[PDB]
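# Survey of secondary and tertiary structure
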Amino acid sequence: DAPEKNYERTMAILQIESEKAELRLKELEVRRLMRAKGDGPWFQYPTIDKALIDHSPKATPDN
Amino acid sequence: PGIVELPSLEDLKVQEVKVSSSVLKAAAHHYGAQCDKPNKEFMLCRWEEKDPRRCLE
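Its PDB record attributes the structure to cryo-EM, giving the resolution as 2.8 Å.

Structure, rendered in structure tokens:
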């Protein structure tokens with residue numbers, strides 16, 4: 001191969017691998033913040049659905 | 001937390017229906033017919049306010 005080919009192919013490899021490495025570091029930091037705060041789409045453990053609540057007028061008033 | 005607010009014992013005085021349960025049950029259907037409107041105002045107030053303190057009058 002030409003040294004141009006190896007050289008620019010190496011630059012392509014280094015761009016792809018450095019972008020993957022920065023995305024992995026961002027993935028670690030995103031997971032840390034979402035586990036700490038719970039305000040992301042991940043780590044959303046379920047609570048009780050409020051579509052189960054009966055809002056009908058019950059038998060006794062004080063409720 | 002906060003002080004729970006209770007009405008005075010003068011807010012709770014009213015002349016009582018001092019009759020027995022059979023006396024109430026014997027006139028029950030005529031009581032439901034004739035005393036309909038304040039009873040239904042009270043039970044609407046009771047299921048809406050959800051509080052015996054807002055229903056005293």
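## Examining the overall build of chain B
Per the secondary structure count, chain B includes three helices and zero strands. Helices and strands in chain B line up, N terminus first, as α-α-α. The C-alpha atoms of chain B give 15 Å as radius of gyration, which overshoots the globular expectation for 57 residues (10 Å, by more than 25%). The principal-axis extents of the C-alpha atoms in chain B amount to approximately 45 × 25 × 15 Å. Taken across its 57 residues, chain B has 5% of its residues classed as buried. Side chains of chain B carry 9 positive and 10 negative charges; the gap between the two charge centres is 7 Å.

## Comments concerning the interface of chain A and chain B
Interface size, as often reported, equals the accessible area lost upon joining of the parts. Contacts between the two partners involve six residues from chain A, matched on the other side by five residues from chain B. In total, about 450 Å² of surface goes out of reach between chain A and chain B, with carbon and sulfur atoms giving 50% of it. Its largest share of buried area at the contact with chain B, chain A owes to A:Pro61, A:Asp62 and A:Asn63, together 80% of the area lost on that side. Counting across the chain A and chain B interface gives one salt bridge. A:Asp62 is the salt-bridge partner of B:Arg46, the closest N and O atoms lying 2.4 Å from each other. Connecting chain A to chain B are two residue pairs in polar contact. Looking at the side of chain A that touches chain B, its residues break down into two nonpolar, two polar and two charged.

Rules and cut-offs
- Residues numbered from 1 in each chain as written, not as in the entry; some residues may be left out.
- Chains lettered and ligands numbered in written order.
- Part of a larger assembly, values for the part shown.
- Heavy atoms only, no water.
- Helix = DSSP H or I, 4+ residues; strand = E, 2+ residues; numbered from the N terminus.
- Rg over C-alpha atoms; globule rule 2.2 N^0.38 Å.
- Buried < 20%, exposed > 50% of the residue type's maximum accessible area, 1.4 Å probe, protein only.
- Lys, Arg positive; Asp, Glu negative; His and termini not counted.
- Charge placed at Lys NZ, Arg CZ, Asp CG, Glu CD.
- Contact = heavy atoms within 4.5 Å.
- Buried area = accessible area lost by both parts, 1.4 Å probe.
- Salt bridge = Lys/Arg side-chain N within 4 Å of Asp/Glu carboxyl O.
- Polar contact = N/O pair within 3.5 Å; in protein donor to acceptor, adjacent residues only side chain to side chain.
- Nonpolar A, V, L, I, M, F, W, Y, C, P; charged D, E, K, R; others polar.

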